[PDB]
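J.: coordinates only, no sequence provided:
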Ligand SMILES: N[C@@H](Cc1c[nH]c2ccccc12)C(=O)O
Ligand SMILES: [Zn+2]
């Protein structure tokens, strides 16, 4: 009864440079015969003031997507090659390939999520 169209074995925690625990992936390049993007992220109600990574890079462009049940329920700081940016949910920020970056949760409610959509199949 495993259905080839359904993956329940999630998240997939992958070792990623800059991170101190594995990064929780929901889409990986090896799923469904090969995917053109990867996606990782999580709920940040417990991550306010706690960054998941140091400044890091990836060989592909990465889009951050920040959502929360209430408008403006979540806020993150993103460092982009040393320059502070802030996002208020809902928001999307592009992180160019090669850019040294990371994010910090400054505010979150139950149900706030940040995802990173990696526009390629390599890390
Ligand atoms: N892949 C993302 C990681 C990420 C985005 N949102 C998150 C929320 C919780 C934990 C990890 C994340 C990055 O490189 O930054
Ligand atoms: Zn990243």
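T.: Arrived safely. Numbering: from 1, shown residues only. Ligands and ions are numbered 1, 2, ... in the order given.

J.: is it true that residue 51 lies in a strand?
T.: No - counting by DSSP: H, G, I helix; E, B strand; the rest coil, residue 51 is not found in a strand; it is coil.

J.: count of residues packed around it?
T.: By other CB atoms under 10 Å, 17 other residues sit near residue 51. C-beta: built from backbone N, CA, C; applies to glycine.

J.: what do you get for residue 5?
T.: Burial measure for residue 5: 5 neighbouring residues, criterion other CB under 10 Å.

J.: what sits against it?
T.: Applying CB atoms under 8 Å, 6 or more residues apart in numbering to residue 5 gives the contacts residue 32.

J.: can you list the strands that the helix or strand harbouring residue 93 pairs with?
T.: If you go by DSSP states H and E, residue 93 is part of strand 91-95. Here strand 91-95 has these sheet partners by DSSP bridges: strand 62-67 (antiparallel).

J.: give me the neighbour count for the closest residue to residue 93 other than its chain neighbours.
T.: The spatially closest residue to residue 93, leaving aside those adjacent along the chain, is residue 64, at 4.7 Å (CB to CB, 6 or more residues apart in numbering). Counted with other CB under 10 Å, residues neighbouring residue 64 total 20.

J.: same question, residue 58
T.: 22.

J.: so it sits against residue 123, correct?
T.: Yes - using CB atoms under 8 Å, residue 58 is in contact with residue 123, at 5.9 Å.

J.: the closest residue to ligand 1 within the chain: which element?
T.: Going by CB to the nearest ligand atom, ligand 1 is nearest to residue 116 of the chain, at 2.9 Å. Taking DSSP H and E as the criterion, residue 116 maps to strand 113-118.

J.: what's the offset of that strand from the middle of its chain?
T.: Computed by CA atoms, centre = their mean, to the nearest Å, the chain-centroid distance of strand 113-118 equals 3 Å.
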